[PDB]
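**Q** I'd like to ask some things about the structure below.
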Amino acid sequence: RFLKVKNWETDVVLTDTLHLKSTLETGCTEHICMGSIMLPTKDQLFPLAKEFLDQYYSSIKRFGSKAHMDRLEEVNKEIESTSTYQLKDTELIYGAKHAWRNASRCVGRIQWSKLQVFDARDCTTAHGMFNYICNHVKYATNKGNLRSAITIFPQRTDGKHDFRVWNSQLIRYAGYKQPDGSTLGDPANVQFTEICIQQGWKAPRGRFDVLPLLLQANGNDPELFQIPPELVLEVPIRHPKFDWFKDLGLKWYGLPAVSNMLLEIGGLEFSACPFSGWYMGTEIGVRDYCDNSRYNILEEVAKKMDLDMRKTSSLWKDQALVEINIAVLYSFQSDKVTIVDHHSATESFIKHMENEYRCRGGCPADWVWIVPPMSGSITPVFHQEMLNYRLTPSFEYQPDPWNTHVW
Amino acid sequence: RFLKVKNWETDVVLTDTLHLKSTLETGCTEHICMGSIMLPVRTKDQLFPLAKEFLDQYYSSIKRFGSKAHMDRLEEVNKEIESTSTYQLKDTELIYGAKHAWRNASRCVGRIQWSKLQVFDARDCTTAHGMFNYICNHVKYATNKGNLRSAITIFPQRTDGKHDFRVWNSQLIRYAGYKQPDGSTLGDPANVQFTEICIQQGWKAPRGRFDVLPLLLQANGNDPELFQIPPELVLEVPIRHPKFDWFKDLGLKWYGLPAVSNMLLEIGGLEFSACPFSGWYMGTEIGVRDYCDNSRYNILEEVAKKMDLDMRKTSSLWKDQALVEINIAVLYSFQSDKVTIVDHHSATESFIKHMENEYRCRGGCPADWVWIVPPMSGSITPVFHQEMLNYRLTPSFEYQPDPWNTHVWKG
Ligand code: HEM
Ligand code: HEM
Ligand SMILES: Fc1cccc(CCCNCc2ccnc(-n3ccnc3)n2)c1
Ligand SMILES: Fc1cccc(CCCNCc2ccnc(-n3ccnc3)n2)c1
Ligand SMILES: C[C@H](O)[C@H](O)[C@H]1CNc2nc(N)[nH]c(=O)c2N1
Ligand SMILES: C[C@H](O)[C@H](O)[C@H]1CNc2nc(N)[nH]c(=O)c2N1
Ligand SMILES: [Zn+2]
């Protein structure tokens, strides 16, 4: 019931008690750990509401107060008659920040409390959704000095009138499969691209074509909009030593913005709730560029560096990997766009973990996702034991809309 | 209940039925995953189920299940337990046992090799001098002049837990660490505690950076005793770099034989508290962990200095840059001296092939992702992208408290 976590590099030991408030289930049992699986009513709703308001009022040191009880009273009256309820602005802001505080896979949470929340609960059409999105984009980008943000569309009601952004990120490159057999652009988005096309996009069939938003308001069929090109800040990728690197033709976008998740606050589900912060270098250099089923550029880069590609034991992949990643960080920094390296970012998260241990009594964390996908054991998080559990409010995954949407 | 795992790079889906035979706990619940936590005298009562269980598997594997030979063996072990309270394994069962414990070891990336394991039965051993002699033969046979061979040596099982055989070293071969009065450490910081024990026990420490430690051996519950492995039996490799000539001048070497001496082998309820096993190194255990952990030799600084990297800001990735070089140097040194070693690309690829095979033949392969994924270049190895189920099968290797915490001193 009172669990310990040890850092094997510093012997610091922390006691986790927050896990005792674990609301949701893990996937794991005593018989089987699922630690590495990517994805494992009026009655229901009032307890969720109560648990949330309870934390809310606790956080502002008004727990058990007249104002606390009146709010419970009030939400309760509202569910009873209306079968749902609405969050006070303040509660919505606290909900969103805590959804982020609680994301056990996010290395960037030392930042959790400076989230800028944009309430779009008055939005009613896709055209409004488009407008709210562009403002989020522009506000967050901030000419390269990026700032965290979330934009929250109306909550689910009867599930026939959902708001959804069909893109998985606000900004992503398209993907086109050739007769030639291979793939042009991002193989991650091949399917979504086809939906853009079957829904009418005029794709320019290039390697780095920013996708159009496919927006769905109030259960309606989704509609297409291009993001003002001038709002999509991009970085050309150069190397500070290899002059030939620029010839590889590589750019990435500055603004990482997840748009397919579902935000759950005290029982309510915001199914369109795009959020954004800023990149840790490896996300692009290691994952986007080098994943075999992504841009997969390792072999091309290794060749330019003239490494012995005959045998895996030369570590040519490893050499190239490092250079690619130096070139990402370098390019963002030169163009003055916010980026964090995996050393600095994992070290922040260790400071953050202790804070949270000390102030909250814990910090749910998923080691499989927090350890960077290169140089693992030389970042501190590698030596850090982590307990993973599910707290609410939370961001959750949800099925891709082309499987659910009744046309 | 079927369970599916997915590879996110290739889209292969596998189906695990094996986890259905899992008995031991994991440390997780529906409300907590302890997947990144390093760590989680037996009655008649418990013992027969565990024996029966094991012997049904043994007999299945040899296609003799339900044979007269199967029945009689149950019969025999049965009587033996309630009369002597324990029992003795046949040779073939001990072998099968040892093999399966490796096969079941979810944190071992080397398991494609599980069926080629040389088992040495030291169950007739009775003294520490006998243990030393057994261990020497193991080192020499496994080393095989650099052409390394997997092996394990099995000392007698626990009885009342007052008579245990233990190897006090955590590995048969490892380097001394010496904390200095100024606060620094000479040699391997990981072994400072054990080193002090050895000194206290009578070892004259040379006090250099790469001093092979004396074996410290306990037989039959007795206080343990110091022996030096004959240096001629200890294969070592000097570390140099194919292109950097200043690399040799760092003074690095490592030993060739990775040999775990501190674990507990459980087979049909029997506990073998001394059971050193050895394979061959994946390059990263040395290049990444031993050399580059901050809590170990911690050489990144000095290596990056010599490559004259920009060390003023971590976003140079000078750490990552030195790290590749060191690992290249290790793989190159070993290969050049014809001492067996495997790089992490090659090791993880073989492991994926093993794991698929296991699903097809055995209906599963328990695997610990946190441990299987290498500690550099995680995502450019195919294991990163592999979903794994982790669960505990017997026979298995278990952890056990360090013997100096538990041993009753005789005097
Ligand atoms: C401030 C800079 C931020 C950094 C450096 C950062 C870093 C990361 C990283 C590296 C991951 C793993 C994602 C991957 O490998 O695809 C991640 C996941 C995540 N982050 Fe962040 N993050 C930041 C901001 C935010 C914000 C503003 C939110 C929400 C308001 C958020 C919520 C999450 C969630 C929910 C995940 C898990 C996503 C999933 O399961 O696919 N993060 N973060
Ligand atoms: C044949 C060559 C082998 C290779 C390349 C290999 C590779 C590895 C590696 C890299 C680890 C993680 C090491 C660490 O980080 O401490 C490991 C762990 C392990 N291996 Fe092997 N292994 C081999 C042979 C064996 C053998 C012969 C056995 C037993 C018969 C074995 C049983 C284990 C066990 C039980 C662990 C887990 C150790 C722990 O929990 O501390 N391996 N193996
Ligand atoms: F194919 C998949 C199915 C489900 C999850 C997956 C991994 C999530 C990848 N997206 C996470 C992501 C992407 C960009 N940016 C962020 N981000 C930005 C700030 N914090 C997180 N996060 C792949
Ligand atoms: F400080 C610690 C406490 C508990 C475990 C730890 C790491 C396990 C290190 N031993 C694993 C190891 C070492 C050498 N060789 C092998 N090996 C050989 C074959 N299979 C594994 N394994 C550190
Ligand atoms: C199978 C495994 O769960 C999967 O590859 C995970 C591993 N760790 C990860 N870690 C991060 N940060 N992001 C990811 O997408 C993944 N993928
Ligand atoms: C806390 C964490 O579990 C610990 O650092 C683990 C992580 N993965 C590992 N993986 C291997 N192979 N060996 C290790 O010692 C560790 N250490
Ligand atoms: Zn688990």
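Chain labels run A, B, ... following the order of the structure tokens; each chain numbers its residues from 1, and ligands are numbered from 1 in the order shown.
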I need the chain B residues near chain A as a PyMOL selection string; criterion: at most 8 Å, counting only C-alpha atoms.
**A** chain B and resi 5+9-10+19+22-38+288-289+292-295+314-317+319-321+324+328+331+342-343+345-346+369-370+375-380+387-392
**Q** For those residues, write C-alpha atoms to a file as a PDB file, in the first residue's frame.
**A**
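Everything below was put into out.pdb:
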ATOM      1  CA  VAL B   5       1.064  -9.099 -29.174  1.00  0.00           C
ATOM      2  CA  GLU B   9       7.245  -1.951 -37.254  1.00  0.00           C
ATOM      3  CA  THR B  10       6.094  -5.041 -39.223  1.00  0.00           C
ATOM      4  CA  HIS B  19       0.922 -17.434 -20.041  1.00  0.00           C
ATOM      5  CA  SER B  22       2.177 -19.199 -15.329  1.00  0.00           C
ATOM      6  CA  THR B  23       2.177 -19.723 -11.552  1.00  0.00           C
ATOM      7  CA  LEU B  24       4.401 -17.145  -9.782  1.00  0.00           C
ATOM      8  CA  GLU B  25       3.186 -13.511  -9.188  1.00  0.00           C
ATOM      9  CA  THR B  26       4.466 -10.464 -11.170  1.00  0.00           C
ATOM     10  CA  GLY B  27       4.257  -7.641  -8.618  1.00  0.00           C
ATOM     11  CA  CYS B  28       1.626  -5.904 -10.747  1.00  0.00           C
ATOM     12  CA  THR B  29      -2.088  -5.584 -10.056  1.00  0.00           C
ATOM     13  CA  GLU B  30      -5.014  -4.088 -12.093  1.00  0.00           C
ATOM     14  CA  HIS B  31      -4.181  -0.821 -10.366  1.00  0.00           C
ATOM     15  CA  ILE B  32      -0.381  -0.729 -10.670  1.00  0.00           C
ATOM     16  CA  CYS B  33       2.307  -1.851 -13.079  1.00  0.00           C
ATOM     17  CA  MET B  34       5.637  -2.632 -11.511  1.00  0.00           C
ATOM     18  CA  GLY B  35       7.215  -3.461 -14.835  1.00  0.00           C
ATOM     19  CA  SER B  36      10.209  -1.100 -14.127  1.00  0.00           C
ATOM     20  CA  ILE B  37      10.851  -2.169 -10.564  1.00  0.00           C
ATOM     21  CA  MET B  38      14.270  -3.973 -10.367  1.00  0.00           C
ATOM     22  CA  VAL B 288      27.342   1.176 -22.418  1.00  0.00           C
ATOM     23  CA  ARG B 289      26.807  -0.014 -18.834  1.00  0.00           C
ATOM     24  CA  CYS B 292      29.501   4.504 -19.190  1.00  0.00           C
ATOM     25  CA  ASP B 293      27.079   4.323 -16.256  1.00  0.00           C
ATOM     26  CA  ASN B 294      27.999   7.175 -13.830  1.00  0.00           C
ATOM     27  CA  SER B 295      27.959   4.604 -11.058  1.00  0.00           C
ATOM     28  CA  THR B 314      24.585  18.692 -23.935  1.00  0.00           C
ATOM     29  CA  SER B 315      22.730  19.420 -27.213  1.00  0.00           C
ATOM     30  CA  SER B 316      26.026  18.851 -29.070  1.00  0.00           C
ATOM     31  CA  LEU B 317      25.133  15.225 -28.091  1.00  0.00           C
ATOM     32  CA  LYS B 319      27.692  12.074 -24.678  1.00  0.00           C
ATOM     33  CA  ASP B 320      25.924  10.115 -27.395  1.00  0.00           C
ATOM     34  CA  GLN B 321      28.906  10.678 -29.636  1.00  0.00           C
ATOM     35  CA  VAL B 324      29.039   5.077 -30.033  1.00  0.00           C
ATOM     36  CA  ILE B 328      32.701   0.334 -31.556  1.00  0.00           C
ATOM     37  CA  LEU B 331      33.206  -4.907 -30.508  1.00  0.00           C
ATOM     38  CA  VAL B 342      27.631 -10.043 -30.199  1.00  0.00           C
ATOM     39  CA  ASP B 343      26.452  -6.575 -31.094  1.00  0.00           C
ATOM     40  CA  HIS B 345      21.689  -5.290 -33.683  1.00  0.00           C
ATOM     41  CA  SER B 346      22.569  -8.861 -34.271  1.00  0.00           C
ATOM     42  CA  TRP B 369      10.810  -5.336 -22.594  1.00  0.00           C
ATOM     43  CA  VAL B 370      12.508  -3.030 -20.088  1.00  0.00           C
ATOM     44  CA  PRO B 375      20.622   0.548 -23.459  1.00  0.00           C
ATOM     45  CA  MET B 376      21.737   2.539 -26.515  1.00  0.00           C
ATOM     46  CA  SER B 377      19.855   2.889 -29.883  1.00  0.00           C
ATOM     47  CA  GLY B 378      16.734   1.346 -28.526  1.00  0.00           C
ATOM     48  CA  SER B 379      14.403   2.146 -31.434  1.00  0.00           C
ATOM     49  CA  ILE B 380      16.785   1.219 -34.257  1.00  0.00           C
ATOM     50  CA  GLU B 387       5.008  -5.787 -27.750  1.00  0.00           C
ATOM     51  CA  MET B 388       5.988  -8.396 -25.079  1.00  0.00           C
ATOM     52  CA  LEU B 389       4.158 -10.299 -22.348  1.00  0.00           C
ATOM     53  CA  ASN B 390       6.031 -10.765 -19.173  1.00  0.00           C
ATOM     54  CA  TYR B 391       5.127 -13.498 -16.758  1.00  0.00           C
ATOM     55  CA  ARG B 392       6.877 -16.089 -14.595  1.00  0.00           C
TER      56      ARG B 392
END
**Q** Show me which residues sit within 7 Å of ligand 4 when counting only C-alpha atoms and all ligand atoms, and put them as a list in words.
**A**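 My answer, listing the contacting residues, is residues 8 of chain A; 38, 108, 110, 171, 258, 259, 260, 277, 278, 279, 280 and 281 of chain B.
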**Q** Convert the current residue selection to file output with N, CA and C atoms, as a PDB file, in the first residue's frame.
**A**
ATOM      1  N   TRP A   8      18.658   3.647  -9.237  1.00  0.00           N
ATOM      2  CA  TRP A   8      19.818   2.720  -9.069  1.00  0.00           C
ATOM      3  C   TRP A   8      21.142   3.422  -9.338  1.00  0.00           C
TER       4      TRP A   8
ATOM      5  N   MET B  38      13.125  -2.995 -10.253  1.00  0.00           N
ATOM      6  CA  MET B  38      14.270  -3.973 -10.367  1.00  0.00           C
ATOM      7  C   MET B  38      14.031  -5.365  -9.714  1.00  0.00           C
ATOM      8  N   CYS B 108      16.459 -12.254 -20.447  1.00  0.00           N
ATOM      9  CA  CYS B 108      17.615 -12.662 -21.245  1.00  0.00           C
ATOM     10  C   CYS B 108      17.347 -12.598 -22.709  1.00  0.00           C
ATOM     11  N   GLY B 110      19.631 -13.455 -24.826  1.00  0.00           N
ATOM     12  CA  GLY B 110      20.377 -14.545 -25.456  1.00  0.00           C
ATOM     13  C   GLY B 110      19.678 -15.879 -25.696  1.00  0.00           C
ATOM     14  N   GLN B 171      29.573 -12.192  -9.796  1.00  0.00           N
ATOM     15  CA  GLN B 171      29.962 -12.857 -11.055  1.00  0.00           C
ATOM     16  C   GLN B 171      31.298 -13.590 -10.798  1.00  0.00           C
ATOM     17  N   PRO B 258      31.246 -13.612 -19.186  1.00  0.00           N
ATOM     18  CA  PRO B 258      30.224 -13.061 -18.316  1.00  0.00           C
ATOM     19  C   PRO B 258      29.584 -14.227 -17.563  1.00  0.00           C
ATOM     20  N   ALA B 259      29.728 -14.215 -16.246  1.00  0.00           N
ATOM     21  CA  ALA B 259      29.306 -15.426 -15.495  1.00  0.00           C
ATOM     22  C   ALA B 259      28.589 -15.087 -14.201  1.00  0.00           C
ATOM     23  N   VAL B 260      27.297 -15.322 -14.180  1.00  0.00           N
ATOM     24  CA  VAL B 260      26.430 -14.827 -13.089  1.00  0.00           C
ATOM     25  C   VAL B 260      26.477 -15.849 -11.984  1.00  0.00           C
ATOM     26  N   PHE B 277      26.275 -19.480 -13.989  1.00  0.00           N
ATOM     27  CA  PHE B 277      26.081 -19.739 -15.410  1.00  0.00           C
ATOM     28  C   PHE B 277      26.824 -18.654 -16.196  1.00  0.00           C
ATOM     29  N   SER B 278      27.148 -18.971 -17.430  1.00  0.00           N
ATOM     30  CA  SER B 278      27.934 -18.082 -18.215  1.00  0.00           C
ATOM     31  C   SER B 278      27.518 -18.274 -19.657  1.00  0.00           C
ATOM     32  N   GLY B 279      27.541 -17.159 -20.408  1.00  0.00           N
ATOM     33  CA  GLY B 279      27.375 -17.206 -21.854  1.00  0.00           C
ATOM     34  C   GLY B 279      28.496 -16.412 -22.530  1.00  0.00           C
ATOM     35  N   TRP B 280      28.128 -15.473 -23.398  1.00  0.00           N
ATOM     36  CA  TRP B 280      29.069 -14.504 -23.946  1.00  0.00           C
ATOM     37  C   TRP B 280      28.386 -13.088 -23.999  1.00  0.00           C
ATOM     38  N   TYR B 281      29.191 -12.047 -23.947  1.00  0.00           N
ATOM     39  CA  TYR B 281      28.715 -10.689 -23.809  1.00  0.00           C
ATOM     40  C   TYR B 281      28.040 -10.220 -25.071  1.00  0.00           C
TER      41      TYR B 281
END
**Q** Using only C-alpha atoms, determine which residues lie at most 7 Å from residue 4 (chain B), disregarding the query and same-chain residues fewer than 4 positions distant; provide the list as a ChimeraX atom specification.
**A** /B:13-16
**Q** Since we have the selection now, will you write its residues out, keeping N, CA, C and O atoms, as a tab-separated table (two decimals), in the first residue's frame?
**A**
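The new file part_23.tsv reads:
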chain	number	residue	atom	x	y	z
B	13	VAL	N	1.12	-10.01	-35.80
B	13	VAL	CA	0.43	-10.29	-34.54
B	13	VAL	C	0.67	-11.75	-34.10
B	13	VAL	O	0.52	-12.68	-34.90
B	14	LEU	N	1.11	-11.94	-32.85
B	14	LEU	CA	1.30	-13.29	-32.26
B	14	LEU	C	0.23	-13.59	-31.21
B	14	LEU	O	-0.41	-12.67	-30.73
B	15	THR	N	0.07	-14.86	-30.83
B	15	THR	CA	-0.96	-15.25	-29.86
B	15	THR	C	-0.37	-16.08	-28.74
B	15	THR	O	0.22	-17.10	-28.98
B	16	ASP	N	-0.54	-15.64	-27.51
B	16	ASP	CA	0.12	-16.25	-26.42
B	16	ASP	C	-0.90	-17.07	-25.69
B	16	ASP	O	-1.90	-16.53	-25.23
**Q** Skip region 132-136 of chain A itself and residues of its chain fewer than 4 positions away, then list as a PyMOL selection string all residues within 9 Å of it, counting only C-alpha atoms.
**A** chain A and resi 118+120+123+127-128+140-141+149-151+170+227-228+231+274-276
**Q** Since we have the selection now, will you write its residues out, keeping C-alpha atoms, as a short mmCIF file (atom, residue, chain, number, x, y, z; two decimals), in the first residue's frame?
**A**
data_model
loop_
_atom_site.label_atom_id
_atom_site.label_comp_id
_atom_site.auth_asym_id
_atom_site.auth_seq_id
_atom_site.Cartn_x
_atom_site.Cartn_y
_atom_site.Cartn_z
CA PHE A 118 -8.74 27.74 -24.75
CA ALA A 120 -14.15 26.33 -27.32
CA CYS A 123 -18.18 26.16 -31.03
CA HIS A 127 -15.86 26.33 -39.70
CA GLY A 128 -15.71 27.54 -36.07
CA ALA A 140 1.34 28.13 -29.55
CA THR A 141 3.93 28.59 -32.34
CA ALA A 149 -1.83 24.97 -25.24
CA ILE A 150 -5.04 22.95 -25.42
CA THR A 151 -8.31 23.83 -27.18
CA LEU A 170 -2.90 19.22 -36.30
CA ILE A 227 -4.13 25.59 -42.40
CA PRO A 228 -2.86 28.93 -43.54
CA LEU A 231 0.80 29.58 -39.84
CA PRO A 274 -6.11 19.06 -29.45
CA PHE A 275 -3.02 19.96 -27.38
CA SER A 276 0.46 20.98 -28.21
#
**Q** Could the residues of chain A that have an atom at most 9 Å from ligand 1 be listed as JSON lines, each with its closest atom pair and the distance in Å to one decimal, counting only C-alpha atoms and all ligand atoms and ordered by chain and ascending residue number?
**A**
{"residue": "A:38", "atom": "CA", "partner": "ligand 1", "partner_atom_place_in_ligand_line": "40 (O)", "distance": 8.1}
{"residue": "A:39", "atom": "CA", "partner": "ligand 1", "partner_atom_place_in_ligand_line": "40 (O)", "distance": 8.4}
{"residue": "A:96", "atom": "CA", "partner": "ligand 1", "partner_atom_place_in_ligand_line": "30 (C)", "distance": 6.9}
{"residue": "A:97", "atom": "CA", "partner": "ligand 1", "partner_atom_place_in_ligand_line": "30 (C)", "distance": 6.7}
{"residue": "A:98", "atom": "CA", "partner": "ligand 1", "partner_atom_place_in_ligand_line": "30 (C)", "distance": 8.7}
{"residue": "A:99", "atom": "CA", "partner": "ligand 1", "partner_atom_place_in_ligand_line": "30 (C)", "distance": 7.1}
{"residue": "A:100", "atom": "CA", "partner": "ligand 1", "partner_atom_place_in_ligand_line": "29 (C)", "distance": 4.7}
{"residue": "A:101", "atom": "CA", "partner": "ligand 1", "partner_atom_place_in_ligand_line": "29 (C)", "distance": 8.2}
{"residue": "A:102", "atom": "CA", "partner": "ligand 1", "partner_atom_place_in_ligand_line": "35 (C)", "distance": 8.3}
{"residue": "A:103", "atom": "CA", "partner": "ligand 1", "partner_atom_place_in_ligand_line": "35 (C)", "distance": 5.0}
{"residue": "A:104", "atom": "CA", "partner": "ligand 1", "partner_atom_place_in_ligand_line": "37 (C)", "distance": 7.3}
{"residue": "A:105", "atom": "CA", "partner": "ligand 1", "partner_atom_place_in_ligand_line": "37 (C)", "distance": 4.9}
{"residue": "A:106", "atom": "CA", "partner": "ligand 1", "partner_atom_place_in_ligand_line": "43 (N)", "distance": 3.7}
{"residue": "A:107", "atom": "CA", "partner": "ligand 1", "partner_atom_place_in_ligand_line": "7 (C)", "distance": 4.7}
{"residue": "A:108", "atom": "CA", "partner": "ligand 1", "partner_atom_place_in_ligand_line": "4 (C)", "distance": 3.8}
{"residue": "A:109", "atom": "CA", "partner": "ligand 1", "partner_atom_place_in_ligand_line": "23 (C)", "distance": 6.5}
{"residue": "A:110", "atom": "CA", "partner": "ligand 1", "partner_atom_place_in_ligand_line": "1 (C)", "distance": 8.0}
{"residue": "A:111", "atom": "CA", "partner": "ligand 1", "partner_atom_place_in_ligand_line": "1 (C)", "distance": 5.9}
{"residue": "A:112", "atom": "CA", "partner": "ligand 1", "partner_atom_place_in_ligand_line": "27 (C)", "distance": 7.0}
{"residue": "A:114", "atom": "CA", "partner": "ligand 1", "partner_atom_place_in_ligand_line": "27 (C)", "distance": 8.8}
{"residue": "A:115", "atom": "CA", "partner": "ligand 1", "partner_atom_place_in_ligand_line": "27 (C)", "distance": 6.3}
{"residue": "A:116", "atom": "CA", "partner": "ligand 1", "partner_atom_place_in_ligand_line": "27 (C)", "distance": 8.7}
{"residue": "A:117", "atom": "CA", "partner": "ligand 1", "partner_atom_place_in_ligand_line": "30 (C)", "distance": 8.9}
{"residue": "A:146", "atom": "CA", "partner": "ligand 1", "partner_atom_place_in_ligand_line": "1 (C)", "distance": 8.8}
{"residue": "A:147", "atom": "CA", "partner": "ligand 1", "partner_atom_place_in_ligand_line": "1 (C)", "distance": 7.6}
{"residue": "A:148", "atom": "CA", "partner": "ligand 1", "partner_atom_place_in_ligand_line": "27 (C)", "distance": 4.8}
{"residue": "A:149", "atom": "CA", "partner": "ligand 1", "partner_atom_place_in_ligand_line": "27 (C)", "distance": 5.8}
{"residue": "A:150", "atom": "CA", "partner": "ligand 1", "partner_atom_place_in_ligand_line": "30 (C)", "distance": 6.0}
{"residue": "A:256", "atom": "CA", "partner": "ligand 1", "partner_atom_place_in_ligand_line": "23 (C)", "distance": 8.4}
{"residue": "A:257", "atom": "CA", "partner": "ligand 1", "partner_atom_place_in_ligand_line": "26 (C)", "distance": 8.3}
{"residue": "A:258", "atom": "CA", "partner": "ligand 1", "partner_atom_place_in_ligand_line": "38 (C)", "distance": 7.7}
{"residue": "A:261", "atom": "CA", "partner": "ligand 1", "partner_atom_place_in_ligand_line": "35 (C)", "distance": 7.8}
{"residue": "A:274", "atom": "CA", "partner": "ligand 1", "partner_atom_place_in_ligand_line": "30 (C)", "distance": 8.3}
{"residue": "A:275", "atom": "CA", "partner": "ligand 1", "partner_atom_place_in_ligand_line": "30 (C)", "distance": 5.2}
{"residue": "A:276", "atom": "CA", "partner": "ligand 1", "partner_atom_place_in_ligand_line": "27 (C)", "distance": 4.9}
{"residue": "A:277", "atom": "CA", "partner": "ligand 1", "partner_atom_place_in_ligand_line": "1 (C)", "distance": 4.1}
{"residue": "A:278", "atom": "CA", "partner": "ligand 1", "partner_atom_place_in_ligand_line": "2 (C)", "distance": 4.4}
{"residue": "A:279", "atom": "CA", "partner": "ligand 1", "partner_atom_place_in_ligand_line": "5 (C)", "distance": 5.2}
{"residue": "A:280", "atom": "CA", "partner": "ligand 1", "partner_atom_place_in_ligand_line": "5 (C)", "distance": 5.1}
{"residue": "A:281", "atom": "CA", "partner": "ligand 1", "partner_atom_place_in_ligand_line": "10 (C)", "distance": 8.8}
{"residue": "A:282", "atom": "CA", "partner": "ligand 1", "partner_atom_place_in_ligand_line": "10 (C)", "distance": 8.0}
{"residue": "A:283", "atom": "CA", "partner": "ligand 1", "partner_atom_place_in_ligand_line": "15 (O)", "distance": 6.0}
{"residue": "A:287", "atom": "CA", "partner": "ligand 1", "partner_atom_place_in_ligand_line": "15 (O)", "distance": 8.0}
{"residue": "A:339", "atom": "CA", "partner": "ligand 1", "partner_atom_place_in_ligand_line": "5 (C)", "distance": 7.8}
{"residue": "A:340", "atom": "CA", "partner": "ligand 1", "partner_atom_place_in_ligand_line": "5 (C)", "distance": 6.6}
{"residue": "A:341", "atom": "CA", "partner": "ligand 1", "partner_atom_place_in_ligand_line": "5 (C)", "distance": 8.8}
{"residue": "A:342", "atom": "CA", "partner": "ligand 1", "partner_atom_place_in_ligand_line": "10 (C)", "distance": 8.6}
{"residue": "A:345", "atom": "CA", "partner": "ligand 1", "partner_atom_place_in_ligand_line": "5 (C)", "distance": 6.7}
{"residue": "A:369", "atom": "CA", "partner": "ligand 1", "partner_atom_place_in_ligand_line": "12 (C)", "distance": 6.1}
{"residue": "A:370", "atom": "CA", "partner": "ligand 1", "partner_atom_place_in_ligand_line": "12 (C)", "distance": 6.9}
{"residue": "A:371", "atom": "CA", "partner": "ligand 1", "partner_atom_place_in_ligand_line": "10 (C)", "distance": 8.9}
{"residue": "A:372", "atom": "CA", "partner": "ligand 1", "partner_atom_place_in_ligand_line": "10 (C)", "distance": 7.5}
{"residue": "A:373", "atom": "CA", "partner": "ligand 1", "partner_atom_place_in_ligand_line": "15 (O)", "distance": 8.5}
{"residue": "A:394", "atom": "CA", "partner": "ligand 1", "partner_atom_place_in_ligand_line": "35 (C)", "distance": 7.7}
{"residue": "A:395", "atom": "CA", "partner": "ligand 1", "partner_atom_place_in_ligand_line": "35 (C)", "distance": 5.3}
{"residue": "A:396", "atom": "CA", "partner": "ligand 1", "partner_atom_place_in_ligand_line": "35 (C)", "distance": 7.4}
{"residue": "A:397", "atom": "CA", "partner": "ligand 1", "partner_atom_place_in_ligand_line": "40 (O)", "distance": 7.3}
**Q** Find the residues near residue 194 (chain A): any atom within 10 Å, counting only C-alpha atoms, skip ones fewer than 6 places away on the same chain, and give them as a PyMOL selection string.
**A** chain A and resi 174-177+200-201+203
**Q** The selected residues should be written to file as an mmCIF file, in the first residue's frame (atoms: N, CA, C and O atoms).
**A**
data_model
loop_
_atom_site.group_PDB
_atom_site.id
_atom_site.type_symbol
_atom_site.label_atom_id
_atom_site.label_comp_id
_atom_site.auth_asym_id
_atom_site.auth_seq_id
_atom_site.Cartn_x
_atom_site.Cartn_y
_atom_site.Cartn_z
ATOM 1 N N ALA A 174 1.730 14.256 -45.548
ATOM 2 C CA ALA A 174 0.902 13.203 -46.172
ATOM 3 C C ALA A 174 1.745 11.997 -46.565
ATOM 4 O O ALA A 174 2.983 12.068 -46.543
ATOM 5 N N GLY A 175 1.057 10.918 -46.974
ATOM 6 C CA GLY A 175 1.669 9.660 -47.406
ATOM 7 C C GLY A 175 0.882 9.032 -48.561
ATOM 8 O O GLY A 175 -0.354 8.854 -48.483
ATOM 9 N N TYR A 176 1.620 8.667 -49.622
ATOM 10 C CA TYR A 176 1.065 8.156 -50.866
ATOM 11 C C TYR A 176 1.804 6.900 -51.272
ATOM 12 O O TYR A 176 3.032 6.912 -51.441
ATOM 13 N N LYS A 177 1.064 5.817 -51.457
ATOM 14 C CA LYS A 177 1.674 4.560 -51.868
ATOM 15 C C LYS A 177 1.771 4.533 -53.418
ATOM 16 O O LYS A 177 0.789 4.823 -54.091
ATOM 17 N N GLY A 200 -11.971 14.556 -50.905
ATOM 18 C CA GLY A 200 -11.797 15.633 -51.898
ATOM 19 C C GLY A 200 -10.537 16.493 -51.967
ATOM 20 O O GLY A 200 -10.427 17.361 -52.824
ATOM 21 N N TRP A 201 -9.586 16.275 -51.067
ATOM 22 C CA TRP A 201 -8.321 17.008 -51.079
ATOM 23 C C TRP A 201 -7.681 16.940 -52.453
ATOM 24 O O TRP A 201 -7.806 15.953 -53.175
ATOM 25 N N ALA A 203 -4.376 16.754 -53.452
ATOM 26 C CA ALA A 203 -3.043 16.443 -52.910
ATOM 27 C C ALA A 203 -2.003 16.855 -53.939
ATOM 28 O O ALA A 203 -2.192 16.568 -55.123
#
